[PDB]
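A.B. asks: Got a structure for you, written out below as structure tokens; questions coming shortly.
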Amino acid sequence: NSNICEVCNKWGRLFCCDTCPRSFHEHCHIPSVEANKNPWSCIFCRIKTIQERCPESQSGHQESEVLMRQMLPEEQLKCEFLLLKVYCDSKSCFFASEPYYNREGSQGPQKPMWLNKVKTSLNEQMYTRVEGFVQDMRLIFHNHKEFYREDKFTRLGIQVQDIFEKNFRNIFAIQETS
Ligand SMILES: [Zn+2]
Ligand SMILES: [Zn+2]
Ligand SMILES: [Zn+2]
């Protein structure tokens with residue numbers, strides 16, 4: 001197995017996947033690495049299994065249809081993985097914890113949002129549809145863009161949103177377009 005966490009790229013107290021060579025810190029994995037379970041399969045393996053069991057799940061889909069799906073176990077898992085994929089980018093540190101807003105010439109957002117809050121919301125099964133999760137994720141970046149205005153720091157929002165969106169299209173097999 002790997003000697004660093006797949007998500008944060010640091011060594012430490014790591015749990016090793018039994019079906020692939022990835023390793024994770026306990027709370028870097030999403031969901032948090034389970035207490036017992038031998039063997040244990042990580043979320044990358046669990047997502048691969050879903051695909052292999054239903055090859056047709058990779059045919060293209062309309063985003064509108066994906067968003068209206070109820071958060072049954074497989075959609076819950078796919079959102080957990082998509083959230084993990086954003087945490088895998090080091091620039092996610094900017095959006096992880098609860099932000100605050102005091103900048104001359106700007107006003108804070110009406111509805112602040114951050115990755116740790118989405119993580120808790122998923123853990124507590126607060127989303128009933130994929131739409132709920134996707135709206136919160138997109139809100140994180142939209143709030144950032146609106147607040148930082150013409151400061152070049154706005155680009156961090158664009159960058160992390162692109163990681164989100166690419167992984168969203170991949171995981172939920174959105175129909176490719178120009
Ligand atoms: Zn880690
Ligand atoms: Zn694995
Ligand atoms: Zn089938």
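Quick note on naming: the chains in the structure tokens go A, B, ... in the order shown, residues restart at 1 in each chain, and ligands are numbered from 1 in order of appearance.
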For segment 139-178 of chain A versus segment 27-50 of chain A, which residues have an atom no more than 12 Å away, and what is each residue's nearest atom pair and distance in Å rounded to one decimal, using only C-alpha atoms, chain-then-number order, as a Markdown table?
C.D. replies:
| residue | atom | partner | partner_atom | distance |
| --- | --- | --- | --- | --- |
| A:170 | CA | A:47 | CA | 11.6 |
| A:171 | CA | A:47 | CA | 8.6 |
| A:172 | CA | A:47 | CA | 10.7 |
A.B. asks: If you run DSSP over the backbone, which residues in segment 2-178 of chain A end up strand (DSSP E)? Put them as a count of residues only.
C.D. replies: 6
A.B. asks: Which residues of segment 25-141 of chain A come within 7 Å of segment 4-8 of chain A, and what is each one's closest atom pair and distance in Å (one decimal), counting only C-alpha atoms, sorted by chain and residue number, as CSV?
C.D. replies:
residue,atom,partner,partner_atom,distance
A:25,CA,A:5,CA,5.9
A:28,CA,A:7,CA,6.3
A:87,CA,A:7,CA,6.5
A:88,CA,A:7,CA,4.4
A.B. asks: Generate a file of the selected residues that holds C-alpha atoms, formatted as a PDB file, in the first residue's frame.
C.D. replies:
ATOM      1  CA  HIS A  25      -6.206   9.119   7.359  1.00  0.00           C
ATOM      2  CA  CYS A  28      -9.699  12.252   5.231  1.00  0.00           C
ATOM      3  CA  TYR A  87     -10.717  17.649  -0.814  1.00  0.00           C
ATOM      4  CA  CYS A  88      -7.978  15.856  -2.800  1.00  0.00           C
TER       5      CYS A  88
END
A.B. asks: Give me, please, the distance in Å between atom CA of residue 102 of chain A and atom CA of residue 147 of chain A, quoted to one decimal.
C.D. replies: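 Computing the Euclidean distance for atom CA of residue 102 of chain A and atom CA of residue 147 of chain A yields 9.7 Å.
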A.B. asks: Which residue out of A:127, A:141, A:168, A:114 has the minimum interatomic distance to residue 153 of chain A when only C-alpha atoms are used?
C.D. replies: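 Between A:127, A:141, A:168, A:114, the residue approaching residue 153 of chain A most closely is A:141.
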A.B. asks: Do a neighbour search on residue 157 of chain A at 9 Å with only C-alpha atoms, toss out local chain neighbours closer than 5 positions, and write the hits as a ChimeraX atom specification.
C.D. replies: /A:94-95,140-145,162
